[PDB]
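Below: the structure, in structure tokens.
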Amino acid sequence: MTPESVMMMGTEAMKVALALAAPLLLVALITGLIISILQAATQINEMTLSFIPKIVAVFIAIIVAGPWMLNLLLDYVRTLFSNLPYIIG
Amino acid sequence: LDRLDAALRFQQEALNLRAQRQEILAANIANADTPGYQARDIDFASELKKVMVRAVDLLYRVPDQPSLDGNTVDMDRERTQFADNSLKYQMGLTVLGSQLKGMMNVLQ
Amino acid sequence: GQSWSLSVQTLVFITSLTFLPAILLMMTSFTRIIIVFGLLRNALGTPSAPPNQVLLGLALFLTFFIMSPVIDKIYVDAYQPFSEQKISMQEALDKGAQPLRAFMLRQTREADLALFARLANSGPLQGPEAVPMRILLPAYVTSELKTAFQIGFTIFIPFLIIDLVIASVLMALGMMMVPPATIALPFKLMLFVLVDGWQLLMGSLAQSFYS
Amino acid sequence: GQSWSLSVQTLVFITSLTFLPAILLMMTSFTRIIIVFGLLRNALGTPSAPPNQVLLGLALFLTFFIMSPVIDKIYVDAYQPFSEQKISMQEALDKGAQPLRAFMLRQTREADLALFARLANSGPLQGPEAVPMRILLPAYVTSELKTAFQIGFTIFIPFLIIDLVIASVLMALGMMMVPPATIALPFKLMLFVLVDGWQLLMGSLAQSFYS
Amino acid sequence: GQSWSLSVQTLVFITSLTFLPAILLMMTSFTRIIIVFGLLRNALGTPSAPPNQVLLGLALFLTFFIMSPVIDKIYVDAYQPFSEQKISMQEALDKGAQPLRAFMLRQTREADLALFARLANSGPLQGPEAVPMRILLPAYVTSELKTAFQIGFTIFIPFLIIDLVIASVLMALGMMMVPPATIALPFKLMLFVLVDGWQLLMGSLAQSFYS
Amino acid sequence: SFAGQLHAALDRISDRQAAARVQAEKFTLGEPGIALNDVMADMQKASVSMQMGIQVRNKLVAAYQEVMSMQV
Amino acid sequence: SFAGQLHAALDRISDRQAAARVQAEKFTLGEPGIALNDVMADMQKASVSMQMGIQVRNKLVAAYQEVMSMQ
Amino acid sequence: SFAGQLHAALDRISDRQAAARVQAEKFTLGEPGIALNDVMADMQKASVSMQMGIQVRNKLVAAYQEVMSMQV
């Protein structure tokens, strides 16, 4: 077993997480910053007041992502099974 | 044939030939007094070899001493033949029995 | 000519009937298959979700199918000359074992074979084919064990990715202190059933066997 | 056609009973039911609270009830001509097993039989009835696994919804360190007992399995 | 209605003894109690703290006592007539299960028998007592699960309320970190053992089961 | 019906064994018309039926134990 | 296949037993041509064949159960 | 090696049995030279060899099963 193939697969495997999570986490960052802006200029706050719109924000993000969020998961796993006869080496 | 019958065909044929030969010997014992009778016998070795290739022909026995009535069945020679034939039949029987017992004992 | 009598032949056959299903099947074709099945069972995040009897039956059917060409070869080369007593067991056994020996030789690792030969202190071989089965078997077992885990890690990868992404997205919004394992299981099962992991994986492993 | 002797008849009759716990139950009858029950117990958040003995007994009763048509058909078409010895058991076995294959064909995936046939490298078999029994069983088992996983995910989804809603509201209330597992579980149990999930779940599973 | 030989009578007697852990205990007597004990341990907030070796042993004491009138009725009307040999061996089994069947109806839900009767295609017919055993047993299990959860979530709510209220004062007092489980656990058990809910628990099981 | 078939088989074997025992009892006090070979054959058939019954019972209970002693 | 081979072996054993039984029947009916020295041999052959069959069945079923009870 | 020793032992057992069988066949064929005091002795010795072989087989398979069934 070639040690290079172990890490090279990991590089693309990890990028799948960045391909999937970034649409959700970046909007979470964007939503949170807007909340933080509301936490200034008459900055009244109880503890955070940030969780309420994030759930709505992620609710929209999941629906908007939808298929192409699923497509990456379906395609990458099938490639692993497709290459199984040739990963043995 | 089969692997099982291949081993025991020879002994079975020997037993059958022994039975037929004993039957012929008993027949010419029972016809000891009928005049004009000719003693019959089987060439055991040749018949066994012929059978172990694939009815049985009869060979007249040469008269010992002449008699007026035409009967040609001796008594002493045929009695010795009957005794030795029975003995070899029992020998074949016990040989086949030993083979079968060994085969059965292997499978225990 | 020389051969074995019926009694000793049937004794040898009955004795070999003991080893044949246990070890001649356990350490020859489907040990890596059952290893992969167990690894998938562990990866699914659930102990014994597919029952052990069902897994063993599927593995047995799969290995029967896989070994079909070799089965036909050994049949037509040994049984037919032997079922009509045209050959004796002494060399019939070697002729039957030759194709399986070739299959084991093909599915072996050269490093393992060399190490085992050096350990056995026998290096006069002129070609790979002339190796004895005594030195061939352990190397074959080791190579099969290696490739089993090599496939198993690839099986592991997607569920690990799903767990990592779901945990990250769950705890990014302030839900750090709640186990996402109970939530990842439905998504992993949905992904597996949607991609049809079983049928795809069976074909993948069959192609791996065909190299 | 001739008939087997009584000795070999009783020999095969006794021998089949050893395969009976696997061949008739595990890969034919209630693998879907047992997998669904296990996944439901996992989703409830407390495995081993429904004891395995009780779960297996319920599964046995459910599969016995759901196999009523095929059981009756095989019973008549085998016992009735075999009770008074009018046909040989060797042909009665196949004649009674044919409707079982017919039942298997409906429940199995039509797209996996072709894959298994190609794996077995069998010749082009025209017609959907002449499929050999050696190919139908593994494909049927794989289809059973697929549909069991699908049903498990579908059952999982509402519990995931409940857990997410409860966790979100409890964390928005003004407390975040409260373990939602011990809190949502009583609510899930109360919802389940209000909806009477056992009766309707069994009915829906039976309907899906029978059609 | 004749008797049997001695050899057959002991053959079925020992075989009937094999079913004792399954056919008579886990689906007739205490399948509800074990679930209550398991859920109570979960509700207590101390998982795996009470050993399951004693909890199972504790359960069998209670169910035997609560089943005393049934078994004593069997003893009077079956054992004594059998010692007189004025009742058939098969007759005693039929006449012993029948009063139990009425007992099962008492602890069965109102709208669960109809499910299996339609499922088994036996038809409605007439006579609540004239019911086959095939329908009684799975329905009894399903009904027992329903009442087990119904009596289950009754006890979960009081413990959950205590956990919620103790967390509320933390935010008011400035304890906002804040570990809810460690502080609340001693208070949960102190109220549990000061009121001695076990005697209330054991008493509740006795009256609720008999109804 | 499994229970009905089981009851039928059990009563049949019990009745045949009882009939064989009755035949042996009838012969043991010198009743006429009873053959020793017949009574021995009946005894052997009853014994072999009992052996078949106990064998199938053991196999069935072992199978039931195996199927009910698995992990779900 | 294995199923076909087992079916053929069972058919062969049943055929041998049936031939032995019918030969014994012909002998006991009084039909000429049987010498009692072959019926016994054929019965013993059938018995040893059946013994080999049951031994093979025991070995195979033991192997199957021990390989199914694995983990 | 073990395989070589097993092959040698089985081959010598088979050779002994074949020699005994061919001597018995020569005797029953009528060819002079066999006195019935050798065929029986050789058959008995062959049976002894077969008994030793089957006992060794039983012991070996028992030991193999015992060492293979250990819970590791």
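Ligands are numbered from 1 in the order shown, chains are lettered A, B, ... in the order of the structure tokens, and residues start at 1 in each chain.
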**Request:** Mind checking which residues fall within 9 Å of residue 89 (chain D), counting only C-alpha atoms, ignoring those fewer than 3 positions away in the same chain, and posting them as a PyMOL selection string?
**Result:** chain D and resi 3-4+9+78+82+85+92-94
Chain H fitted onto chain F, all C-alpha pairs in order, as an mmCIF file with N, CA and C atoms, in the first residue's frame:
data_model
loop_
_atom_site.group_PDB
_atom_site.id
_atom_site.type_symbol
_atom_site.label_atom_id
_atom_site.label_comp_id
_atom_site.auth_asym_id
_atom_site.auth_seq_id
_atom_site.Cartn_x
_atom_site.Cartn_y
_atom_site.Cartn_z
ATOM 1 N N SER H 1 -52.552 -26.453 11.536
ATOM 2 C CA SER H 1 -51.681 -25.620 12.355
ATOM 3 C C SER H 1 -50.618 -26.456 13.058
ATOM 4 N N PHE H 2 -49.613 -25.772 13.611
ATOM 5 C CA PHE H 2 -48.506 -26.470 14.257
ATOM 6 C C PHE H 2 -48.980 -27.262 15.469
ATOM 7 N N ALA H 3 -49.833 -26.658 16.299
ATOM 8 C CA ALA H 3 -50.340 -27.364 17.470
ATOM 9 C C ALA H 3 -51.148 -28.589 17.062
ATOM 10 N N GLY H 4 -51.994 -28.448 16.041
ATOM 11 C CA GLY H 4 -52.770 -29.586 15.578
ATOM 12 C C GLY H 4 -51.901 -30.705 15.038
ATOM 13 N N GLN H 5 -50.890 -30.358 14.239
ATOM 14 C CA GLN H 5 -49.993 -31.378 13.709
ATOM 15 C C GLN H 5 -49.234 -32.082 14.825
ATOM 16 N N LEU H 6 -48.739 -31.320 15.804
ATOM 17 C CA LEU H 6 -48.015 -31.925 16.915
ATOM 18 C C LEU H 6 -48.918 -32.857 17.710
ATOM 19 N N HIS H 7 -50.151 -32.422 17.981
ATOM 20 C CA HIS H 7 -51.081 -33.281 18.701
ATOM 21 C C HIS H 7 -51.385 -34.549 17.920
ATOM 22 N N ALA H 8 -51.598 -34.438 16.607
ATOM 23 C CA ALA H 8 -51.884 -35.623 15.805
ATOM 24 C C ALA H 8 -50.711 -36.594 15.826
ATOM 25 N N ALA H 9 -49.492 -36.080 15.656
ATOM 26 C CA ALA H 9 -48.322 -36.951 15.635
ATOM 27 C C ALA H 9 -48.129 -37.645 16.978
ATOM 28 N N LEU H 10 -48.224 -36.887 18.072
ATOM 29 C CA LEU H 10 -48.048 -37.489 19.388
ATOM 30 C C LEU H 10 -49.141 -38.508 19.676
ATOM 31 N N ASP H 11 -50.382 -38.204 19.289
ATOM 32 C CA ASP H 11 -51.472 -39.140 19.529
ATOM 33 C C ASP H 11 -51.281 -40.424 18.738
ATOM 34 N N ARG H 12 -50.812 -40.326 17.492
ATOM 35 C CA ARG H 12 -50.615 -41.549 16.719
ATOM 36 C C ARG H 12 -49.442 -42.360 17.262
ATOM 37 N N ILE H 13 -48.392 -41.691 17.745
ATOM 38 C CA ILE H 13 -47.287 -42.418 18.371
ATOM 39 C C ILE H 13 -47.778 -43.153 19.611
ATOM 40 N N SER H 14 -48.561 -42.465 20.444
ATOM 41 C CA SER H 14 -49.078 -43.083 21.659
ATOM 42 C C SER H 14 -50.008 -44.243 21.334
ATOM 43 N N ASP H 15 -50.837 -44.097 20.299
ATOM 44 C CA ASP H 15 -51.729 -45.184 19.909
ATOM 45 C C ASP H 15 -50.947 -46.395 19.418
ATOM 46 N N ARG H 16 -49.894 -46.172 18.628
ATOM 47 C CA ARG H 16 -49.069 -47.288 18.176
ATOM 48 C C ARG H 16 -48.429 -48.006 19.359
ATOM 49 N N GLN H 17 -47.870 -47.242 20.299
ATOM 50 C CA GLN H 17 -47.238 -47.869 21.455
ATOM 51 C C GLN H 17 -48.253 -48.619 22.307
ATOM 52 N N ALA H 18 -49.442 -48.044 22.500
ATOM 53 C CA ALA H 18 -50.468 -48.711 23.293
ATOM 54 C C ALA H 18 -50.935 -49.997 22.627
ATOM 55 N N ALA H 19 -51.100 -49.981 21.302
ATOM 56 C CA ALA H 19 -51.488 -51.199 20.599
ATOM 57 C C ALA H 19 -50.418 -52.273 20.734
ATOM 58 N N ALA H 20 -49.146 -51.892 20.594
ATOM 59 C CA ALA H 20 -48.077 -52.868 20.765
ATOM 60 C C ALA H 20 -48.077 -53.441 22.177
ATOM 61 N N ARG H 21 -48.253 -52.581 23.181
ATOM 62 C CA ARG H 21 -48.242 -53.040 24.564
ATOM 63 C C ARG H 21 -49.408 -53.978 24.846
ATOM 64 N N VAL H 22 -50.602 -53.646 24.351
ATOM 65 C CA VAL H 22 -51.751 -54.503 24.617
ATOM 66 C C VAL H 22 -51.611 -55.832 23.887
ATOM 67 N N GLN H 23 -51.027 -55.835 22.685
ATOM 68 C CA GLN H 23 -50.785 -57.101 22.004
ATOM 69 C C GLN H 23 -49.789 -57.959 22.776
ATOM 70 N N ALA H 24 -48.726 -57.340 23.295
ATOM 71 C CA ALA H 24 -47.763 -58.089 24.098
ATOM 72 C C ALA H 24 -48.413 -58.645 25.357
ATOM 73 N N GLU H 25 -49.273 -57.852 25.997
ATOM 74 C CA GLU H 25 -49.954 -58.313 27.201
ATOM 75 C C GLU H 25 -50.888 -59.475 26.892
ATOM 76 N N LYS H 26 -51.604 -59.399 25.768
ATOM 77 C CA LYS H 26 -52.453 -60.514 25.369
ATOM 78 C C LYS H 26 -51.629 -61.768 25.119
ATOM 79 N N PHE H 27 -50.460 -61.621 24.492
ATOM 80 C CA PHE H 27 -49.606 -62.783 24.271
ATOM 81 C C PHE H 27 -49.149 -63.390 25.590
ATOM 82 N N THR H 28 -48.634 -62.560 26.498
ATOM 83 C CA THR H 28 -48.109 -63.085 27.752
ATOM 84 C C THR H 28 -49.214 -63.578 28.675
ATOM 85 N N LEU H 29 -50.465 -63.197 28.415
ATOM 86 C CA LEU H 29 -51.585 -63.740 29.169
ATOM 87 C C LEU H 29 -51.948 -65.152 28.732
ATOM 88 N N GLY H 30 -51.350 -65.650 27.651
ATOM 89 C CA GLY H 30 -51.586 -66.999 27.188
ATOM 90 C C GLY H 30 -52.703 -67.155 26.182
ATOM 91 N N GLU H 31 -53.421 -66.088 25.861
ATOM 92 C CA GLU H 31 -54.536 -66.194 24.929
ATOM 93 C C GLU H 31 -54.011 -66.509 23.533
ATOM 94 N N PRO H 32 -54.504 -67.563 22.887
ATOM 95 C CA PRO H 32 -53.943 -67.965 21.594
ATOM 96 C C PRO H 32 -54.251 -66.962 20.495
ATOM 97 N N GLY H 33 -53.320 -66.853 19.551
ATOM 98 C CA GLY H 33 -53.497 -65.959 18.425
ATOM 99 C C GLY H 33 -52.287 -65.097 18.133
ATOM 100 N N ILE H 34 -51.293 -65.134 19.016
ATOM 101 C CA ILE H 34 -50.073 -64.349 18.867
ATOM 102 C C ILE H 34 -48.908 -65.312 18.694
ATOM 103 N N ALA H 35 -48.109 -65.091 17.651
ATOM 104 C CA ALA H 35 -47.082 -66.039 17.238
ATOM 105 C C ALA H 35 -45.667 -65.586 17.575
ATOM 106 N N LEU H 36 -45.514 -64.530 18.374
ATOM 107 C CA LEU H 36 -44.240 -63.933 18.775
ATOM 108 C C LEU H 36 -43.523 -63.266 17.607
ATOM 109 N N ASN H 37 -44.026 -63.406 16.386
ATOM 110 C CA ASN H 37 -43.464 -62.735 15.226
ATOM 111 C C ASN H 37 -44.115 -61.389 14.965
ATOM 112 N N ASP H 38 -45.168 -61.055 15.704
ATOM 113 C CA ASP H 38 -45.842 -59.769 15.594
ATOM 114 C C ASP H 38 -45.556 -58.845 16.761
ATOM 115 N N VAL H 39 -45.498 -59.379 17.983
ATOM 116 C CA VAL H 39 -45.250 -58.537 19.148
ATOM 117 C C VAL H 39 -43.868 -57.901 19.072
ATOM 118 N N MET H 40 -42.846 -58.689 18.732
ATOM 119 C CA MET H 40 -41.498 -58.142 18.631
ATOM 120 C C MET H 40 -41.400 -57.113 17.512
ATOM 121 N N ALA H 41 -42.002 -57.404 16.360
ATOM 122 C CA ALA H 41 -41.958 -56.457 15.253
ATOM 123 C C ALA H 41 -42.651 -55.152 15.619
ATOM 124 N N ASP H 42 -43.811 -55.237 16.270
ATOM 125 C CA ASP H 42 -44.528 -54.027 16.651
ATOM 126 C C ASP H 42 -43.766 -53.240 17.707
ATOM 127 N N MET H 43 -43.120 -53.930 18.650
ATOM 128 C CA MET H 43 -42.302 -53.223 19.631
ATOM 129 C C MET H 43 -41.137 -52.508 18.961
ATOM 130 N N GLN H 44 -40.488 -53.163 17.997
ATOM 131 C CA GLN H 44 -39.381 -52.519 17.298
ATOM 132 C C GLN H 44 -39.857 -51.304 16.512
ATOM 133 N N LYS H 45 -41.007 -51.416 15.850
ATOM 134 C CA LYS H 45 -41.536 -50.272 15.114
ATOM 135 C C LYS H 45 -41.915 -49.135 16.056
ATOM 136 N N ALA H 46 -42.469 -49.462 17.225
ATOM 137 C CA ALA H 46 -42.778 -48.428 18.206
ATOM 138 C C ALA H 46 -41.511 -47.742 18.699
ATOM 139 N N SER H 47 -40.446 -48.514 18.917
ATOM 140 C CA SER H 47 -39.179 -47.918 19.325
ATOM 141 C C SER H 47 -38.626 -47.011 18.233
ATOM 142 N N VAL H 48 -38.779 -47.412 16.970
ATOM 143 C CA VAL H 48 -38.358 -46.560 15.859
ATOM 144 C C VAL H 48 -39.146 -45.256 15.859
ATOM 145 N N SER H 49 -40.459 -45.344 16.082
ATOM 146 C CA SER H 49 -41.281 -44.139 16.129
ATOM 147 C C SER H 49 -40.852 -43.223 17.269
ATOM 148 N N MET H 50 -40.573 -43.796 18.440
ATOM 149 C CA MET H 50 -40.113 -42.989 19.566
ATOM 150 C C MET H 50 -38.764 -42.342 19.280
ATOM 151 N N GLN H 51 -37.855 -43.071 18.630
ATOM 152 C CA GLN H 51 -36.566 -42.495 18.265
ATOM 153 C C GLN H 51 -36.741 -41.331 17.299
ATOM 154 N N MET H 52 -37.620 -41.492 16.309
ATOM 155 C CA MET H 52 -37.889 -40.395 15.387
ATOM 156 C C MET H 52 -38.461 -39.194 16.126
ATOM 157 N N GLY H 53 -39.384 -39.441 17.056
ATOM 158 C CA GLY H 53 -39.965 -38.346 17.812
ATOM 159 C C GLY H 53 -38.939 -37.593 18.635
ATOM 160 N N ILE H 54 -38.054 -38.321 19.321
ATOM 161 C CA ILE H 54 -37.070 -37.639 20.158
ATOM 162 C C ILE H 54 -36.044 -36.902 19.303
ATOM 163 N N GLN H 55 -35.675 -37.452 18.141
ATOM 164 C CA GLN H 55 -34.773 -36.722 17.255
ATOM 165 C C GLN H 55 -35.417 -35.437 16.751
ATOM 166 N N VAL H 56 -36.699 -35.503 16.386
ATOM 167 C CA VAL H 56 -37.406 -34.300 15.955
ATOM 168 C C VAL H 56 -37.471 -33.288 17.090
ATOM 169 N N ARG H 57 -37.710 -33.759 18.314
ATOM 170 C CA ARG H 57 -37.748 -32.858 19.461
ATOM 171 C C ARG H 57 -36.407 -32.162 19.649
ATOM 172 N N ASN H 58 -35.313 -32.922 19.571
ATOM 173 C CA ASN H 58 -33.991 -32.329 19.742
ATOM 174 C C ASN H 58 -33.725 -31.280 18.675
ATOM 175 N N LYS H 59 -34.034 -31.604 17.419
ATOM 176 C CA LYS H 59 -33.796 -30.651 16.341
ATOM 177 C C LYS H 59 -34.638 -29.396 16.526
ATOM 178 N N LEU H 60 -35.908 -29.569 16.900
ATOM 179 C CA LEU H 60 -36.802 -28.429 17.062
ATOM 180 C C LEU H 60 -36.352 -27.525 18.200
ATOM 181 N N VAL H 61 -35.984 -28.103 19.345
ATOM 182 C CA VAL H 61 -35.564 -27.268 20.464
ATOM 183 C C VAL H 61 -34.237 -26.587 20.152
ATOM 184 N N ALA H 62 -33.339 -27.272 19.436
ATOM 185 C CA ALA H 62 -32.092 -26.626 19.044
ATOM 186 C C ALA H 62 -32.355 -25.435 18.135
ATOM 187 N N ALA H 63 -33.237 -25.605 17.147
ATOM 188 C CA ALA H 63 -33.551 -24.503 16.244
ATOM 189 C C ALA H 63 -34.223 -23.355 16.985
ATOM 190 N N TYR H 64 -35.144 -23.677 17.896
ATOM 191 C CA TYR H 64 -35.821 -22.638 18.661
ATOM 192 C C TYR H 64 -34.838 -21.865 19.529
ATOM 193 N N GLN H 65 -33.920 -22.569 20.192
ATOM 194 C CA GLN H 65 -32.915 -21.887 20.998
ATOM 195 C C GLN H 65 -32.021 -21.011 20.130
ATOM 196 N N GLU H 66 -31.622 -21.513 18.960
ATOM 197 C CA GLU H 66 -30.764 -20.728 18.079
ATOM 198 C C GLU H 66 -31.462 -19.456 17.618
ATOM 199 N N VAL H 67 -32.744 -19.554 17.260
ATOM 200 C CA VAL H 67 -33.441 -18.377 16.758
ATOM 201 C C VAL H 67 -33.821 -17.439 17.897
ATOM 202 N N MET H 68 -33.940 -17.958 19.120
ATOM 203 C CA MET H 68 -34.338 -17.119 20.244
ATOM 204 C C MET H 68 -33.150 -16.427 20.897
ATOM 205 N N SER H 69 -31.957 -17.004 20.789
ATOM 206 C CA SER H 69 -30.767 -16.446 21.416
ATOM 207 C C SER H 69 -30.089 -15.381 20.566
ATOM 208 N N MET H 70 -30.645 -15.051 19.405
ATOM 209 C CA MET H 70 -30.027 -14.057 18.539
ATOM 210 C C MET H 70 -30.028 -12.690 19.214
ATOM 211 N N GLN H 71 -28.909 -11.980 19.084
ATOM 212 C CA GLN H 71 -28.727 -10.674 19.717
ATOM 213 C C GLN H 71 -29.377 -9.615 18.838
ATOM 214 N N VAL H 72 -30.604 -9.245 19.186
ATOM 215 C CA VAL H 72 -31.314 -8.197 18.469
ATOM 216 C C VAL H 72 -31.216 -6.888 19.242
#
**Asked** If we count only C-alpha atoms, what is near residue 34 (chain A) at a cut-off of 12 Å, once residues fewer than 3 positions away on the same chain are taken out, given as a count of residues only?
**Response** 14
**Prompt:** Which is closer to chain A than all the others in D:167, D:181, D:189, D:194, using only C-alpha atoms?
**Reply:** D:167
**Message:** Set the distance at 10 Å and use only C-alpha atoms: which residues neighbour residue 62 (chain G) once local chain neighbours fewer than 5 positions away are removed? I'd like the list as a PyMOL selection string.
**Reply:** (chain C and resi 18+21-22) or (chain D and resi 18) or (chain G and resi 56-57+67-68)
Writing out the chosen residues with N, CA, C and O atoms as a compact mmCIF listing (two decimals), in the first residue's frame:
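Result went into out19.txt, see below:
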# COMPACT_ATOMS: atom_id res chain seq x y z
N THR C 18 -13.34 -33.12 7.54
CA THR C 18 -13.33 -32.31 8.75
C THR C 18 -12.68 -30.95 8.51
O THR C 18 -13.22 -29.91 8.88
N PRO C 21 -14.54 -27.80 5.30
CA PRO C 21 -15.44 -26.65 5.44
C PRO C 21 -14.91 -25.63 6.44
O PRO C 21 -15.07 -24.43 6.24
N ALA C 22 -14.31 -26.10 7.53
CA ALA C 22 -13.82 -25.17 8.55
C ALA C 22 -12.70 -24.29 8.02
O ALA C 22 -12.89 -23.09 7.78
N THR D 18 -32.01 -28.86 10.68
CA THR D 18 -30.86 -28.07 11.11
C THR D 18 -30.78 -26.76 10.34
O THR D 18 -30.43 -25.72 10.90
N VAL G 56 -20.92 -38.78 6.16
CA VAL G 56 -20.67 -37.53 5.44
C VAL G 56 -21.67 -36.46 5.86
O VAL G 56 -21.31 -35.29 6.04
N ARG G 57 -22.93 -36.85 6.03
CA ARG G 57 -23.94 -35.88 6.47
C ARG G 57 -23.62 -35.33 7.85
O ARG G 57 -23.75 -34.13 8.10
N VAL G 67 -19.48 -23.39 11.79
CA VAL G 67 -19.13 -22.20 11.03
C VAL G 67 -20.23 -21.14 11.06
O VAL G 67 -19.95 -19.97 10.79
N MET G 68 -21.46 -21.53 11.38
CA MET G 68 -22.53 -20.55 11.56
C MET G 68 -22.50 -19.94 12.95
O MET G 68 -22.90 -18.78 13.12
**Item:** Residue hits in chain B, query chain G, radius 10 Å, only C-alpha atoms, as JSON, numbers by chain
**Value:** {"B": [4, 5, 8, 12, 13, 15, 16, 19, 20, 93, 96, 97, 100, 101, 103, 104, 106, 107, 108]}
**Message:** So, with only C-alpha atoms as the atoms that count, which of C:107, C:143, C:58, C:150 lies closest to residue 3 (chain A)?
**Reply:**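 Once distances to residue 3 (chain A) are computed over only C-alpha atoms, the minimum belongs to C:150.
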**Asked** CA of residue 12 (chain E) to CA of residue 133 (chain E): how many Å, to one decimal?
**Response**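 Computing it gives 19.1 Å between the two atoms.
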**Request:** Find the spatial neighbours of residue 16 (chain G), counting only C-alpha atoms, within a cut-off of 9 Å - ignore same-chain residues fewer than 2 positions away - and output them as an MDAnalysis selection string.
**Result:** chainID G and resid 11:14 18:21 42 45:46 49
Take the residues from that selection and put them in a file with N, CA, C and O atoms, as a tab-separated table (two decimals), in the first residue's frame.
chain	number	residue	atom	x	y	z
G	11	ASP	N	-29.70	-40.06	-4.90
G	11	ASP	CA	-30.39	-40.91	-5.86
G	11	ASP	C	-29.66	-42.23	-6.05
G	11	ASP	O	-30.29	-43.29	-6.13
G	12	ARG	N	-28.33	-42.19	-6.13
G	12	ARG	CA	-27.55	-43.41	-6.29
G	12	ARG	C	-27.72	-44.34	-5.10
G	12	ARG	O	-27.91	-45.56	-5.26
G	13	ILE	N	-27.67	-43.79	-3.89
G	13	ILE	CA	-27.84	-44.61	-2.69
G	13	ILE	C	-29.23	-45.23	-2.65
G	13	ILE	O	-29.39	-46.42	-2.35
G	14	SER	N	-30.25	-44.44	-2.97
G	14	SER	CA	-31.61	-44.96	-2.98
G	14	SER	C	-31.76	-46.05	-4.03
G	14	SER	O	-32.45	-47.06	-3.80
G	18	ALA	N	-32.87	-49.86	-3.28
G	18	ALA	CA	-34.04	-50.42	-3.95
G	18	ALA	C	-33.70	-51.69	-4.71
G	18	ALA	O	-34.47	-52.65	-4.69
G	19	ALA	N	-32.55	-51.71	-5.38
G	19	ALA	CA	-32.14	-52.92	-6.09
G	19	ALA	C	-31.92	-54.07	-5.12
G	19	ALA	O	-32.36	-55.20	-5.38
G	20	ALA	N	-31.27	-53.80	-3.99
G	20	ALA	CA	-31.07	-54.86	-3.00
G	20	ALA	C	-32.40	-55.37	-2.46
G	20	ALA	O	-32.60	-56.58	-2.32
G	21	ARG	N	-33.32	-54.46	-2.17
G	21	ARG	CA	-34.62	-54.85	-1.63
G	21	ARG	C	-35.41	-55.68	-2.64
G	21	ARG	O	-36.02	-56.69	-2.27
G	42	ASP	N	-25.19	-57.91	-1.43
G	42	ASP	CA	-25.81	-56.66	-1.87
G	42	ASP	C	-26.39	-55.89	-0.69
G	42	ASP	O	-26.30	-54.66	-0.65
G	45	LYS	N	-23.52	-54.24	0.99
G	45	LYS	CA	-23.08	-53.09	0.20
G	45	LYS	C	-23.99	-51.90	0.41
G	45	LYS	O	-23.53	-50.76	0.59
G	46	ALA	N	-25.31	-52.13	0.39
G	46	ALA	CA	-26.24	-51.04	0.64
G	46	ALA	C	-26.05	-50.45	2.03
G	46	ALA	O	-26.08	-49.23	2.21
G	49	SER	N	-22.87	-48.37	2.15
G	49	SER	CA	-23.08	-47.12	1.43
G	49	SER	C	-23.90	-46.14	2.26
G	49	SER	O	-23.59	-44.95	2.33
**Request:** Kindly give the distance, in Å, that separates CA of residue 138 (chain C) and CA of residue 20 (chain C), rounded to a single decimal.
**Result:**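 Separating CA of residue 138 (chain C) from CA of residue 20 (chain C) is a distance of 16.9 Å.
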**Who sits within 9 Å of region 207-209 of chain E, only C-alpha atoms, same chain under 3 positions skipped, as a PyMOL selection string** = chain E and resi 66+107+151+203-204
Those selected residues, please, written with N, CA and C atoms and delivered as a PDB file, in the first residue's frame.
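Contents of result39.pdb, as written:
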ATOM      1  N   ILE E  66     -48.314 -11.369  42.749  1.00  0.00           N
ATOM      2  CA  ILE E  66     -49.517 -10.811  42.147  1.00  0.00           C
ATOM      3  C   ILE E  66     -50.236 -11.839  41.286  1.00  0.00           C
ATOM      4  N   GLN E 107     -56.368  -7.647  31.485  1.00  0.00           N
ATOM      5  CA  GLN E 107     -55.199  -6.796  31.320  1.00  0.00           C
ATOM      6  C   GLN E 107     -54.870  -6.531  29.855  1.00  0.00           C
ATOM      7  N   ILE E 151     -48.088   3.948  32.340  1.00  0.00           N
ATOM      8  CA  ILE E 151     -47.641   4.023  33.724  1.00  0.00           C
ATOM      9  C   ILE E 151     -46.203   4.517  33.797  1.00  0.00           C
ATOM     10  N   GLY E 203     -47.243  -0.570  45.614  1.00  0.00           N
ATOM     11  CA  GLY E 203     -48.688  -0.532  45.760  1.00  0.00           C
ATOM     12  C   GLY E 203     -49.392  -0.151  44.473  1.00  0.00           C
ATOM     13  N   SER E 204     -48.812   0.786  43.720  1.00  0.00           N
ATOM     14  CA  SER E 204     -49.418   1.200  42.459  1.00  0.00           C
ATOM     15  C   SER E 204     -49.480   0.043  41.472  1.00  0.00           C
TER      16      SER E 204
END
